[PDB]
Every structure is written in C-alpha cells, then in structure tokens.
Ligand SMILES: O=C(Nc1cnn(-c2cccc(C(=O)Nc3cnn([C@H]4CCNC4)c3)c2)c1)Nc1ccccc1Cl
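What follows is one chain in structure tokens, specifically the form deposited without the named molecule.
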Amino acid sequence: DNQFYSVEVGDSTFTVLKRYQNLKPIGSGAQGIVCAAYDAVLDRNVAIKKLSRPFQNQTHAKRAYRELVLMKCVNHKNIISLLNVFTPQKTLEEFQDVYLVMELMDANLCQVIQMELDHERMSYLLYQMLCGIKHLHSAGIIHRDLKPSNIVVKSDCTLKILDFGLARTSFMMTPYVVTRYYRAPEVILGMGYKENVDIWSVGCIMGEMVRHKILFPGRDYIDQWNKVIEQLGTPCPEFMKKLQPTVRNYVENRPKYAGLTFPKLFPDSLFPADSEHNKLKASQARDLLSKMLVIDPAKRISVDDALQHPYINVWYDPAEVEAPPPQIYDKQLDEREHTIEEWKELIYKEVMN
C-alpha cells in the first residue's frame, strides 16, 4: 500500500494522493503544471499545481516558499487559498516535488479580456481585485506583479488573485519570457514604490478589458516606456525631479509627446452605451481609468479612493473591504537569503510541518 498513484499529463508524471482522480490539464504557465481533479474526500473538483524541484534555484525557491506561507495565513475570498499540500517523497533527501491543492476556478482574465462585459460584471470584477489588493496591503504585501494570467474567475463572476507577486529583493535559465506589460513606471524606471504601485497594474488590466488589446505591449523596458509615453504622453517636469541623474538623463532625452486624451484613448464605442444607464456608466469607467493610469504615483489614485469611486462603490462591503489583516509568522519572508540546500529544508519543513 501507498497513499499515492502516478499518471501522465502531457510530458509530466503527476504522483498524487488517491483521493484526487480524473486529472485534466487546465494549463502550464509559470510555476509548473496545473490539473483539474475530482477530490473524492470533499466531493468537489479542485486544481492541483505541481512544483518541480522548487529549490532548484533561488527565484523558484523564494517564490515557492513565499507562496506556501502566505497561502496558509491569508483568509480572504478574493485570494486563492490552499485546500491541501503534499509531497509523494518520504524524506528530505528523496524530496523532489510539492503539490498545491486549491479551489478550482473556471478561467483567468486573458479569456475574459476577449469578451464584452456589461458594466455590472466589469465593475464587480474590478471591485474584487481592489478588495484582494487592499487585503494584501493591510498585511504589508505589495504585489507589483498583477496580470491577467494571475487572476482567475468563476462563471458567477467571482474573482480571486492567484499569487502574491514579487518580494523585496535573481537570474534564470528559462525559455519563458516574463511579462512586463503591467509594470508601473516607478518599477520600470526604478524609483521606488508605495501601495498604489498595484493600481497602475489594475488600470492596465481594466484598459485591456475595454480595448481588448494590451495597452503597453513592449518587448523590453525601453520599448515599454516608449509605448507608455506615446499613449499617456511625456510626464511633467516635477515627476522627472524624482529620477536618478542616470535614468533621468535617459527619460529627459526621449522624444516628447503631449499625449492622447482619455476620450481619444478610450472612445464611447468600446463601452456599452445604448441606455442612459450605460452612457453614465461609461463616463464613470473612463473617469476611474484616467485616475489609475497616471504615471506620477504622487498623482495616481490610491486603493481606497478607487474603492470609493462611483463606478466601484456600487458593491462596497465593510466585511469584504476591512477584513482583519493576515498574521505572518515568518517576518523575514520578503528579504531572506539562502542557498539551495537551505531552501529545500525550509520548503520541506513547510510541506511537512
């Protein structure tokens, strides 16, 4: 007898606890392979993510460790939570893989982006990204890495945020390019950041939901900055005052743009606007977009003010907005350094307890 069985999914061997049957590959993004499965114990479908040798490098290890600790201690309906965690291997030396069991969602935002949402759904989705984000922030976690693939949705329009973003700290042998499209200027230009760095990302997603195309589709940070300033224009003088002379020199010496206006960037043809209701919602949609998509974060709308916005406020709920902050025991979580052997032991201790 063993508690586990093994089966192929694409070119991966899933070795899972017998309670999980009928594995369907629902995707293979960044962290590994993810399967849908039926869980005979709880009598429901779940998602199962396989981490292969998470401790193989310092990025995979810090992200995998961080993911485990946070997925345990945060309890909010807009952030995926762990149903179960396991490893098939019996001891620390044999130890290879970690399996994360999460509640199953129906899709991510990349798929929603290709649909035309009514205002009521779009406002709701966005309200839930806000509550998810506020919660993280109320516990010292700034994401800095929201994108459509890290945000999953249900058919009844419920939404959860998949991962916990970047830490406060690196090279990788991968075929997978990283997405920078949703990165805030203060991250791009490297000038330091605060809470509302995440609201640049939300504004990028929201703009994409409307226009059905990526707002700022650059191949590198240079090409990215170019696309930012074509659309929104060259930022004003007082923003430039905040850039280090090295980067400031570069920024200052780029071709200038007055930039497009929000009605021009986002015509009424893109929003439902047949009824008066829709007409009014559409102007409130642009109003908010014009406050999230501000380059100078001294002049960008904050999380709470966005929750306060008329387009959003429809759904406001204190139970959801001011849920008690998650308690994190690790406390050196964001900035800890270890070798790969030390990571293996930390991860293993986490999977085991």
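Here the rigid core means the biggest group of C-alpha atoms that line up within 1.5 Å when the two forms are laid on top of each other. Only residues modelled in both forms are compared. Note that residue numbering begins at 1 and tracks the sequence as displayed.
Separately, the form solved in complex with the named molecule exists; it is not shown, and the next lines address it.
- For the three marked residues, 206, 292 and 295, no heavy atom of any sits within 4.5 Å of the named molecule in the bound PDB entry.
- Stretch-level contact check against the named molecule in the bound PDB entry with heavy atoms at 4.5 Å: of 256-264, 95-103, 269-277, 232-240, the positive one is 95-103.
- The closest heavy atom approach of residue 303 to the named molecule in the bound PDB entry falls outside 4.5 Å.
- Among residues of the shown chain, residue 284 is not one whose heavy atoms approach the named molecule to within 4.5 Å in the bound PDB entry.
- Although the partner is absent here, residue 45 lies within 4.5 Å of the named molecule in the bound PDB entry, judged by heavy atoms.
- In the bound PDB entry, the named molecule lies farther than 4.5 Å from every heavy atom of residue 199.
- The contact with the named molecule in the bound PDB entry, taken as any heavy atom within 4.5 Å, belongs to 108 out of 89, 158, 138, 108.
- The contact with the named molecule in the bound PDB entry, taken as any heavy atom within 4.5 Å, belongs to 34 out of 288, 70, 34, 307.
- Relative to the superposed core, just one shifted segment between this form and the one not shown, defined as three or more consecutive residues with every Cα moved by 2 Å or more, spans 28-30.
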